[PDB]
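> Take this structure, written in C-alpha cells, and hold onto it; I'll ask about it next.
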Amino acid sequence: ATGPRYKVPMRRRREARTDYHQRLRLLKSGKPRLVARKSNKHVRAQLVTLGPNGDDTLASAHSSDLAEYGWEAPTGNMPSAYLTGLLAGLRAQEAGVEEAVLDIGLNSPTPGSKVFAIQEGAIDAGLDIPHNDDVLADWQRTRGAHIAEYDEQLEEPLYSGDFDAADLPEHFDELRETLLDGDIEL
Amino acid sequence: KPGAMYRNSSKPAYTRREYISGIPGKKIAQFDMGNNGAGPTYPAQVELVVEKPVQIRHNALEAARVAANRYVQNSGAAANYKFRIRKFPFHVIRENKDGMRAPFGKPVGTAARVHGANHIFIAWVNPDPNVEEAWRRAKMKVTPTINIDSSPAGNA
Amino acid sequence: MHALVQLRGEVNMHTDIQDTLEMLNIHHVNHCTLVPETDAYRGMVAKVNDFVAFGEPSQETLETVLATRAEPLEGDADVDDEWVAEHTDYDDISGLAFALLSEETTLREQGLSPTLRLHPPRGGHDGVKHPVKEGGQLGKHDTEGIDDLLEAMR
Amino acid sequence: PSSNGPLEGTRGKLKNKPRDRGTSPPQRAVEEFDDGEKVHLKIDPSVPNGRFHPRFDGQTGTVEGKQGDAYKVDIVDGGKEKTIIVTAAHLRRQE
Amino acid sequence: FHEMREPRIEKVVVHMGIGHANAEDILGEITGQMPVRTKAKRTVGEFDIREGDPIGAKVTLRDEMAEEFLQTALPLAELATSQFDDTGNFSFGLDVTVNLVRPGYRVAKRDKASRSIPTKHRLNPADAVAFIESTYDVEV
RNA sequence: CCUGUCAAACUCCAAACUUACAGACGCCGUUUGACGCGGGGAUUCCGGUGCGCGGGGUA
RNA sequence: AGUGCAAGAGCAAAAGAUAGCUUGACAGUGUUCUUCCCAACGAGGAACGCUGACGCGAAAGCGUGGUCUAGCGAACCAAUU
RNA sequence: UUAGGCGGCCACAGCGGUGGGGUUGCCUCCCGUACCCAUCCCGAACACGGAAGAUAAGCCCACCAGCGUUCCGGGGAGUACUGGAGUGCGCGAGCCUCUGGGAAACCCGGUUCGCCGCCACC
Ligand SMILES: [Cl-]
Ligand SMILES: [Cl-]
Ligand SMILES: [Mg+2]
Ligand SMILES: [Mg+2]
Ligand SMILES: [Mg+2]
Ligand SMILES: [Mg+2]
Ligand SMILES: [Mg+2]
Ligand SMILES: [Mg+2]
Ligand SMILES: [Mg+2]
Ligand SMILES: [Mg+2]
Ligand SMILES: [Mg+2]
Ligand code: NA
Ligand code: NA
Ligand code: NA
Ligand code: NA
Ligand code: NA
Ligand code: NA
C-alpha cells in the first residue's frame, strides 16, 4: 500500500477469517477437519479435506435444513448445534468419512459451547474425533433444558409466536431419534 | 604527494564512513558560485567535460575551482553568472606510510570519481564567455584532458 | 546444413571448445564435417565460432568435395558415383549431396566417415586472426564464401 | 571465509524479499511427496524448522522415504551421494 | 437511515493517575463498580523505576452505569469545544473520559471478520457536541 | 517545491554467467566392458607464466 | 519495537508482551548433515526419528533448552551413579 | 454465490473514493443476561438466549486510477554490462571490431479497484 517494500497480509488474514497458525497445526493430523461455524441465527458443520486448488467439503449440515426433518424451533441454540453436528456427521459417514479433527476457526474453546456441541453430535453420528468429554455441556443443556427453565421465569413467552410457550427439549429428542435411522439425505 | 598515486580508478569503491574513520575534511570551499540566488535563467551555458575516467583529489578540485571562479572576476565580485562544480569527493584514499607487512594504509584524503564525458563544471552566462577562459585555467589543474562544451548558445 | 572446417589448432584452445569440435567429429586442423541446422547444433557451432569456418555450401561444391575427400567408415575406397550407388540409398554422388544438404540423411547413415579431411587451401586462406567481416577466414561464410574455401581445399 | 559456521555467506539465500516477508502459506508445508519424486531444495527464510545445510540450496534430489514428518531426499554433492533430512516447507515438485 | 446513525455513549473511563492506591475506594463509590490497577511502563526519575507497579486506577462504565454517572459528572464540568476529540470524544476533570460512537461499532471490536469503521461512519466533533449538548447542558 | 552528488561491509531493480535435475541431439560404452566396486604400488603437498576477474600496495 | 550478547538473518491473531501453569534443560537408542564443499579424518555441533516417562492444551499439537549461525577438550588417573 | 462457509494463489487482491441492495428467506448490525462461559473493572470483548427495529457500518453488487502494485506497447536502448575470439588502437588508464547474450532509472500510452477451487443455497 505505502510502498514497494510494504507487506500485505494474506487475503484470509486481512478478512480476519482464517487463523493460519492454527490452520497449520490443524492440517498436521492429516485428517479431515470438522469445521464448526456459527451465525447469529444459524450453525454450520462441514467436513473439509485438503485440495490442489483449495479445500474440498465432502459433507456438510446447516441448522436451517434441520427443519427439513421436523425442526420447528429456533436454530441458533445448543440443541440446534448438536443436531447439525450429528446430521453433518451422518452424511459424513455416508461419504466414507471415518475420522476428523475439530476446527473451531476464530471461536473460543469455552466449555459447553455450541462448537463442542457440534463436536459431540458429529462423534455420536459415528465420526472418530480427538476430544475431551468434560469440556462438553452436560446433555441436559444440549437438550435445551437451560432454555426451558429460562421460560419458566416466563410472564412473557421467550419465543415470539414461534412454537410452544414453555418450549420443548423433548422436540430435541424426537429429532435426534429421527436422525438415528433411515430417512433421505443421510 | 603526486596525482600519480591516486588518479586511477583501479581500487574498489571505498566510501562507507560507517566503517572508515579519521577522514580528512574537504578543501572544496563552495559548490555554488556566483548569483546562487537566481536560477539557470541564462542565454548561454558552458560546461567543462572530463575526457577520461579518473579520480580527482579534493586538492585538485579546490585548485581547479578557485582558479576558475577567482578569474570569473573579470565580471566582478557580484557579477551576473552562476558557477557549479557538480562532483563531490566521496572516494576515501589511503597510503601505507613495517614495510609491506600489515600495509592497509591509513586515510589521507578524498577524491571524486569522474567518468570520461561527464561535466565536472557548469557555468551560466549571458553572451559574455569569459567563462570559456575560466576553464582553460580550470582543466589546467586536474589530471585529465578536457573538453570545453557549450550547450544553450547558438550565438556564435 | 552447414559445412564445418577447423582452421585453428588445439594448443591453447579451451577444453570445453575442443571437446565440442570433437563431438562434431573433427579432431585435426582442416578436417571438415557437415552439420544440420538445429538449435542443438547451432549452439555448438557458435561456441566453436572462433576456430572454425562454416557456412552452407552449394550443391556443386559439396559434390566436388564429397567426391574428392569422402571416405568409407573404414578403408581407402574412393567414394565415387559407383561406390555411392553400390553402397548407399542414392544412385550417385549428386543424389547423396542433395540429401545431405536437405538434411534427410548423414555421412554415417550412409556408411561414410563423418569427416572430410580436406587439404590445405591452395593459395592460402584469409587469416585465422580475424573473422570474415574483417577480411579473415573465421566465422560464418557466404555460400560463395564457403565454396571458395572448400574448393581451395578440395 | 573469516569463519566457518553453517550460515557463513548466507545473507542472501536465507533472506526474503521485503514482500515475501512473514509467515508462509501452510499449503506447501503440508504437501505430500512419493518415493521417487524429484524435488527442488530451497529453504524458506520464513520457516525455521525442517532445514538443511545452506550448501544444498538449489539441489534437486529424489524423495526416498521419510523420517517422522520430515522427508529423506537423496542428492549428489559434487560426486558424493548424500541423504538430506528435509520438510515439505523447503521442497517443491520438479516440473 | 437514522436510528442506526445517531450517537450513543460507549464507556466512560474514570481514572486517577496518581504516582504510586487508597484512591480506589472513592472511585468505587463515585462509579459503582471495582477499580482496576494502573501499572506503568518505563523507568523514570520520579522515583518511578518499577515497571509492574500500581500507580493509579480506572473504571470503565457502560450503559446505565455510565449515564447514572454522567448525570452528575457533566454538571461538574463546564468546558466544551477544542477540548473535543476528532472522533467525537472528550475528557474533563481525577479524569472522566466519554467515548462516543454510532450503532455498528462492534464490527471493529469483535474477533471474527472485524473491520475498521469507515471515516464516513465515524463520529465528528460536531455531531458529538449536538448529541450531548442535546442532553442536559450547553456546548462551549 | 526546486536543485547538486555517492556506496566492498545499501537495494525498489537487475544481467551476461555459474550451477542442481530431467528430456533431446551429439559423442561414448556393451570382443577396445564404459559408469561403478574392491585391492596393490606410487609420486606429490617450494611452483611459475599469459589472459579474464580480482584484494593489498606509489609501484 | 521487542526477541540476553557480534554480525547477518527469522518472527505480528507471533518467535514479541502480559497472566497462569509447568520442569521436555527428561532417560534410552538411533537416522542424517556438519565438523572436513568436492573428498578420507576425532571431539564438538545441529536437524529429524523411535522407545519410555512426563508438561500444557478442547484438540490437532507443541516441548529432544534460549528463534538461527559462537560459548569448546583425547588417552592415562581420580572422584561420582 | 438477491448477501453464506472452508480455502488456493498471497497487493492484478493494497490505500483512498462513488453509487446500489434486503416485503417470507441469508449475513449483519441489533435486543437481551436465567443458564454454559466471561471481564486482574466493565454481557465492550468472550459465551449463551433471542427477533422489536435497521440496511446507517460491515458484507455482497456495480464503478472511479489520485497513490501503491502486476503485466504490455512505444521511447530510453540493442544504450549500460557481459560469455568467446583478435600480431585491431592506445605511453598508459583504457578502447575497438567480430560472435553469442542483454539491463536499470525515467517519460509517454494502455492494463490492474483480484483470479480460481470445493460445499451449501429461489
Ligand atoms: Cl464462526
Ligand atoms: Cl543438510
Ligand atoms: Mg578409416
Ligand atoms: Mg605457396
Ligand atoms: Mg596469414
Ligand atoms: Mg553477496
Ligand atoms: Mg560465481
Ligand atoms: Mg529451537
Ligand atoms: Mg598425562
Ligand atoms: Mg569426580
Ligand atoms: Mg447502504
Ligand atoms: Na613489524
Ligand atoms: Na589536464
Ligand atoms: Na514468507
Ligand atoms: Na561427530
Ligand atoms: Na495486579
Ligand atoms: Na449496510
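Residue numbers start at 1 in each chain; chains themselves are named A, B, ... in the order of the C-alpha cells; ligands are numbered from 1 in the order shown.
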Distance limit 10 Å, reference ligand 5, atoms considered: only C-alpha atoms (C1' of nucleotides) and all ligand atoms. Which residues make the cut? Give them as number ranges by chain.

C: 124-130, 136-137

> Kindly work out which residues sit at most 9 Å from ligand 13, using only C-alpha atoms (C1' of nucleotides) and all ligand atoms, and give the list as a list in words.

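Protein and nucleic-acid residues within 9 Å of ligand 13: residues 138, 139, 140, 141, 142, 143, 144, 145 and 146 of chain B.
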
> So which residues of chain E fall under helix (DSSP H, G or I) by DSSP, listed as a ChimeraX atom specification?

/E:24-31,64-76,106-109,119-121,125-133

> Write out, as a CSV table (one decimal), in the first residue's frame, the residues just selected, with N, CA, C and O atoms.


```csv
chain,number,residue,atom,x,y,z
E,24,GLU,N,-8.7,4.1,45.1
E,24,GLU,CA,-9.7,3.3,44.5
E,24,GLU,C,-11.0,3.4,45.2
E,24,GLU,O,-12.0,3.6,44.5
E,25,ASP,N,-11.0,3.4,46.5
E,25,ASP,CA,-12.2,3.5,47.3
E,25,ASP,C,-13.2,4.5,46.8
E,25,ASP,O,-14.3,4.2,46.5
E,26,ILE,N,-12.7,5.8,46.6
E,26,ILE,CA,-13.6,6.8,46.1
E,26,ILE,C,-14.1,6.6,44.7
E,26,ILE,O,-15.2,6.9,44.4
E,27,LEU,N,-13.3,6.0,43.9
E,27,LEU,CA,-13.7,5.7,42.5
E,27,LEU,C,-14.8,4.7,42.6
E,27,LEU,O,-15.8,4.8,41.9
E,28,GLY,N,-14.7,3.7,43.5
E,28,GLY,CA,-15.7,2.6,43.7
E,28,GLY,C,-17.1,3.2,44.0
E,28,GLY,O,-18.1,2.7,43.5
E,29,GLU,N,-17.1,4.2,44.8
E,29,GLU,CA,-18.4,4.8,45.2
E,29,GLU,C,-18.9,5.8,44.2
E,29,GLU,O,-20.0,5.9,43.9
E,30,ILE,N,-17.9,6.6,43.6
E,30,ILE,CA,-18.3,7.6,42.6
E,30,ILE,C,-18.9,6.9,41.4
E,30,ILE,O,-19.7,7.5,40.7
E,31,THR,N,-18.5,5.7,41.1
E,31,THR,CA,-19.0,5.0,39.9
E,31,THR,C,-20.0,3.9,40.2
E,31,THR,O,-21.1,3.9,39.8
E,64,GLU,N,-26.2,2.1,31.6
E,64,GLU,CA,-26.8,2.9,32.7
E,64,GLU,C,-25.7,3.3,33.7
E,64,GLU,O,-25.7,4.5,34.1
E,65,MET,N,-24.8,2.4,34.0
E,65,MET,CA,-23.8,2.8,34.9
E,65,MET,C,-23.0,4.0,34.5
E,65,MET,O,-22.4,4.7,35.3
E,66,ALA,N,-23.0,4.2,33.1
E,66,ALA,CA,-22.3,5.3,32.5
E,66,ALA,C,-23.1,6.6,32.6
E,66,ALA,O,-22.6,7.7,32.8
E,67,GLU,N,-24.4,6.5,32.3
E,67,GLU,CA,-25.3,7.6,32.3
E,67,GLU,C,-25.4,8.1,33.8
E,67,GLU,O,-25.0,9.2,34.1
E,68,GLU,N,-26.0,7.2,34.6
E,68,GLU,CA,-26.2,7.5,36.0
E,68,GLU,C,-24.9,8.2,36.6
E,68,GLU,O,-25.0,8.8,37.7
E,69,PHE,N,-23.8,8.1,36.0
E,69,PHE,CA,-22.6,8.7,36.4
E,69,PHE,C,-22.5,10.1,35.8
E,69,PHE,O,-22.3,11.1,36.5
E,70,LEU,N,-22.6,10.2,34.5
E,70,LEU,CA,-22.6,11.4,33.8
E,70,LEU,C,-23.6,12.4,34.3
E,70,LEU,O,-23.5,13.6,34.1
E,71,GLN,N,-24.7,11.8,34.8
E,71,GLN,CA,-25.8,12.7,35.3
E,71,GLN,C,-25.4,13.5,36.5
E,71,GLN,O,-26.3,14.0,37.2
E,72,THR,N,-24.1,13.5,36.8
E,72,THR,CA,-23.6,14.3,37.9
E,72,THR,C,-22.2,14.7,37.5
E,72,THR,O,-21.7,15.8,38.0
E,73,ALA,N,-21.6,14.0,36.7
E,73,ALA,CA,-20.2,14.3,36.2
E,73,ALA,C,-20.3,15.6,35.4
E,73,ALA,O,-19.7,16.6,35.7
E,74,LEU,N,-21.1,15.4,34.3
E,74,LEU,CA,-21.2,16.6,33.3
E,74,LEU,C,-21.5,17.9,34.1
E,74,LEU,O,-20.7,18.9,33.9
E,75,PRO,N,-22.5,17.9,34.9
E,75,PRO,CA,-22.8,19.1,35.7
E,75,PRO,C,-21.6,19.8,36.4
E,75,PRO,O,-21.6,21.0,36.5
E,76,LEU,N,-20.7,18.9,36.8
E,76,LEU,CA,-19.5,19.4,37.5
E,76,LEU,C,-18.4,19.9,36.5
E,76,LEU,O,-17.3,20.2,36.9
E,106,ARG,N,-19.4,-2.5,17.1
E,106,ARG,CA,-19.0,-3.9,17.4
E,106,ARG,C,-18.2,-4.5,16.2
E,106,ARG,O,-17.3,-5.3,16.4
E,107,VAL,N,-18.5,-4.0,15.0
E,107,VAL,CA,-17.8,-4.5,13.8
E,107,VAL,C,-16.3,-4.4,14.0
E,107,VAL,O,-15.5,-5.2,13.5
E,108,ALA,N,-15.8,-3.4,14.7
E,108,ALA,CA,-14.4,-3.1,15.0
E,108,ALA,C,-13.9,-3.7,16.2
E,108,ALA,O,-12.7,-3.7,16.5
E,109,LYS,N,-14.8,-4.2,17.1
E,109,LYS,CA,-14.4,-4.7,18.4
E,109,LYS,C,-14.5,-6.2,18.5
E,109,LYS,O,-14.1,-6.8,19.6
E,119,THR,N,-14.4,6.2,7.7
E,119,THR,CA,-14.4,7.6,8.1
E,119,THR,C,-15.7,8.3,8.1
E,119,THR,O,-16.0,9.1,9.0
E,120,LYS,N,-16.6,7.9,7.1
E,120,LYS,CA,-17.9,8.5,7.0
E,120,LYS,C,-18.8,8.1,8.2
E,120,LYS,O,-19.6,8.9,8.7
E,121,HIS,N,-18.7,6.9,8.6
E,121,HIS,CA,-19.5,6.3,9.6
E,121,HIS,C,-18.9,6.7,11.0
E,121,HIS,O,-19.4,6.2,12.1
E,125,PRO,N,-16.5,15.8,15.7
E,125,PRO,CA,-16.5,16.6,16.9
E,125,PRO,C,-17.9,17.3,17.0
E,125,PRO,O,-18.5,17.3,18.1
E,126,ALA,N,-18.3,17.8,15.9
E,126,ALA,CA,-19.6,18.5,15.8
E,126,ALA,C,-20.8,17.6,16.1
E,126,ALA,O,-21.6,17.9,17.0
E,127,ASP,N,-20.9,16.5,15.4
E,127,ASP,CA,-22.0,15.6,15.6
E,127,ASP,C,-22.1,15.0,17.0
E,127,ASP,O,-23.1,14.4,17.4
E,128,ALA,N,-21.0,15.2,17.7
E,128,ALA,CA,-20.9,14.8,19.1
E,128,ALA,C,-21.5,15.8,20.0
E,128,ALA,O,-22.4,15.5,20.8
E,129,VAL,N,-21.0,17.1,19.8
E,129,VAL,CA,-21.5,18.2,20.6
E,129,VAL,C,-23.0,18.2,20.6
E,129,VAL,O,-23.6,18.4,21.7
E,130,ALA,N,-23.6,18.0,19.5
E,130,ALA,CA,-25.0,18.0,19.3
E,130,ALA,C,-25.7,17.0,20.2
E,130,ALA,O,-26.5,17.4,21.1
E,131,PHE,N,-25.3,15.8,20.0
E,131,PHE,CA,-25.9,14.7,20.8
E,131,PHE,C,-25.9,14.9,22.3
E,131,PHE,O,-26.9,14.8,22.9
E,132,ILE,N,-24.7,15.3,22.8
E,132,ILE,CA,-24.6,15.5,24.3
E,132,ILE,C,-25.2,16.8,24.7
E,132,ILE,O,-26.0,16.9,25.7
E,133,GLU,N,-24.9,17.9,24.0
E,133,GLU,CA,-25.5,19.2,24.3
E,133,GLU,C,-27.0,19.0,24.4
E,133,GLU,O,-27.7,19.6,25.2
```

> Give me, as a PyMOL selection string, the set of residues whose atoms come within 12 Å of any atom of ligand 9, counting only C-alpha atoms (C1' of nucleotides) and all ligand atoms.

chain G and resi 74-77

> Write out as a list in words every residue belonging to chain E that has an atom at most 12 Å from any atom of chain G, counting only C-alpha atoms (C1' of nucleotides).

residues 39, 41, 52, 111, 112, 113 and 114 of chain E

> Can you tell me how far atom CA of residue C:145 sits from atom CA of residue C:66, in Å to one decimal?

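Separating atom CA of residue C:145 from atom CA of residue C:66 is a distance of 17.9 Å.
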
> Taking only C-alpha atoms (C1' of nucleotides) and all ligand atoms into account, which residues are within 10 Å of ligand 12, as a PyMOL selection string?

chain B and resi 98-102

> Write out the residues from the selection above, keeping N, CA and C atoms, as a JSON list (two decimals), in the first residue's frame.


```
[["chain", "number", "residue", "atom", "x", "y", "z"],
["B", 98, "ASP", "N", 57.60, -2.82, 9.86],
["B", 98, "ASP", "CA", 56.65, -2.47, 8.82],
["B", 98, "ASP", "C", 57.32, -2.11, 7.49],
["B", 99, "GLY", "N", 56.73, -2.62, 6.42],
["B", 99, "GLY", "CA", 57.16, -2.41, 5.04],
["B", 99, "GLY", "C", 55.88, -2.76, 4.31],
["B", 100, "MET", "N", 55.79, -3.99, 3.79],
["B", 100, "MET", "CA", 54.55, -4.42, 3.14],
["B", 100, "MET", "C", 53.77, -5.25, 4.14],
["B", 101, "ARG", "N", 54.29, -5.39, 5.35],
["B", 101, "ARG", "CA", 53.56, -6.13, 6.37],
["B", 101, "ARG", "C", 52.41, -5.23, 6.79],
["B", 102, "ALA", "N", 51.27, -5.81, 7.15],
["B", 102, "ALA", "CA", 50.11, -5.02, 7.54],
["B", 102, "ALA", "C", 50.11, -3.65, 6.83]]
```

> May I ask you to write as number ranges by chain all residues lying at most 10 Å from ligand 4, with only C-alpha atoms (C1' of nucleotides) and all ligand atoms counted?

C: 121-124

> Using only C-alpha atoms (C1' of nucleotides), determine which residues lie at most 12 Å from residue D:3, disregarding the query and same-chain residues fewer than 5 positions distant; provide the list as a PyMOL selection string.

(chain D and resi 8-9) or (chain G and resi 7+69-70)

> Filtering to C-alpha atoms (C1' of nucleotides), could you give me those residues as a PDB file, in the first residue's frame?


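Contents of selection.pdb, as written:
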```
ATOM      1  CA  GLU D   8      28.571 -18.221   6.606  1.00  0.00           C
ATOM      2  CA  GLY D   9      27.858 -16.331   3.402  1.00  0.00           C
TER       3      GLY D   9
ATOM      4  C1'   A G   7      27.118  -9.517  12.808  1.00  0.00           C
ATOM      5  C1'   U G  69      24.708 -19.464  12.974  1.00  0.00           C
ATOM      6  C1'   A G  70      29.913 -18.556  18.687  1.00  0.00           C
TER       7        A G  70
END
```

> Using only C-alpha atoms (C1' of nucleotides) and a cut-off of 10 Å, which residues of chain H sit close to chain D? Please list them as a list in words.

residues 8, 9, 10 and 11 of chain H

> With N, CA and C atoms (P, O5', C5', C4', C3', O3' and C1' of nucleotides) retained, write the just-selected residues as a PDB file, in the first residue's frame.


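Okay, result36.pdb is ready:
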```pdb
ATOM      1  P     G H   8      -5.210 -21.751   2.274  1.00  0.00           P
ATOM      2  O5'   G H   8      -4.980 -21.898   0.702  1.00  0.00           O
ATOM      3  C5'   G H   8      -4.795 -23.209   0.113  1.00  0.00           C
ATOM      4  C4'   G H   8      -4.705 -23.111  -1.385  1.00  0.00           C
ATOM      5  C3'   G H   8      -3.698 -22.116  -1.918  1.00  0.00           C
ATOM      6  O3'   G H   8      -2.373 -22.635  -1.910  1.00  0.00           O
ATOM      7  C1'   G H   8      -5.729 -21.870  -3.088  1.00  0.00           C
ATOM      8  P     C H   9      -1.147 -21.693  -1.469  1.00  0.00           P
ATOM      9  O5'   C H   9      -1.089 -20.553  -2.586  1.00  0.00           O
ATOM     10  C5'   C H   9      -0.505 -20.782  -3.879  1.00  0.00           C
ATOM     11  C4'   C H   9      -0.827 -19.635  -4.819  1.00  0.00           C
ATOM     12  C3'   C H   9      -0.319 -18.250  -4.462  1.00  0.00           C
ATOM     13  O3'   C H   9       1.072 -18.115  -4.741  1.00  0.00           O
ATOM     14  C1'   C H   9      -2.509 -18.102  -5.351  1.00  0.00           C
ATOM     15  P     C H  10       2.085 -17.599  -3.595  1.00  0.00           P
ATOM     16  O5'   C H  10       1.464 -16.236  -3.042  1.00  0.00           O
ATOM     17  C5'   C H  10       1.332 -15.092  -3.907  1.00  0.00           C
ATOM     18  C4'   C H  10       0.432 -14.038  -3.289  1.00  0.00           C
ATOM     19  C3'   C H  10       1.003 -13.209  -2.135  1.00  0.00           C
ATOM     20  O3'   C H  10       0.417 -11.912  -2.170  1.00  0.00           O
ATOM     21  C1'   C H  10      -0.912 -14.334  -1.394  1.00  0.00           C
ATOM     22  P     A H  11       1.336 -10.656  -2.483  1.00  0.00           P
ATOM     23  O5'   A H  11       0.313  -9.473  -2.799  1.00  0.00           O
ATOM     24  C5'   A H  11      -0.986  -9.734  -3.339  1.00  0.00           C
ATOM     25  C4'   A H  11      -1.585  -8.479  -3.909  1.00  0.00           C
ATOM     26  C3'   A H  11      -0.745  -7.859  -4.996  1.00  0.00           C
ATOM     27  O3'   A H  11      -0.994  -8.544  -6.201  1.00  0.00           O
ATOM     28  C1'   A H  11      -1.335  -6.190  -3.455  1.00  0.00           C
TER      29        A H  11
END
```
